[PDB]
């Protein structure tokens, strides 16, 4: 599944809803601690819309429980991410993913 551990609190009241655009910065790492991808490296916040099947399940479920402003660590099992195949070249097979996610804005 996905575990959400708060790093720093959000507003405690404004949570993502279907149809809203979620704006984040994230860093993704393997259990080894090695980074596989970061929006901060690209100088560009990552945006997705909730309920449009745009992201892995662990994101859909994990970010939905964050409030605006919150920074959290999401630990995501392979079955809530890229599963047995992974994504060759980027995400290894059967990988547990750990993301540092900061919910910057809802728009």
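For clarity, a rigid core is taken as the largest C-alpha set superposing within 1.5 Å between two forms. Residue numbers count along the first chain shown, from 1.
Asks: Which of the two stretches, 28 to 36 or 57 to 65, moves more in 6 other deposited structures of this protein when the core is held fixed, judged by C-alpha RMS distance?
Replies: Output: 28 to 36, the stretch lying farther off on average in 6 other deposited structures of this protein.
Asks: Quick one: higher average CA temperature factor, 51 to 59 or 65 to 73?
Replies: 51 to 59 has the higher mean C-alpha B-factor.
Asks: Between 40 to 48 and 76 to 84, which has the larger average Cα B-factor in the PDB entry?
Replies: The stretch with the larger mean CA B-factor is 76 to 84.
Asks: What third of the chain does residue 95 rank in for C-alpha temperature factor, lowest, middle or highest?
Replies: Residue 95: CA B-factor falls in the highest third of its chain.
Asks: Compared with the other modelled residues in the chain, in which third is the CA B-factor of residue 13?
Replies: Ranked within chain, residue 13 CA B lands in the middle tercile.
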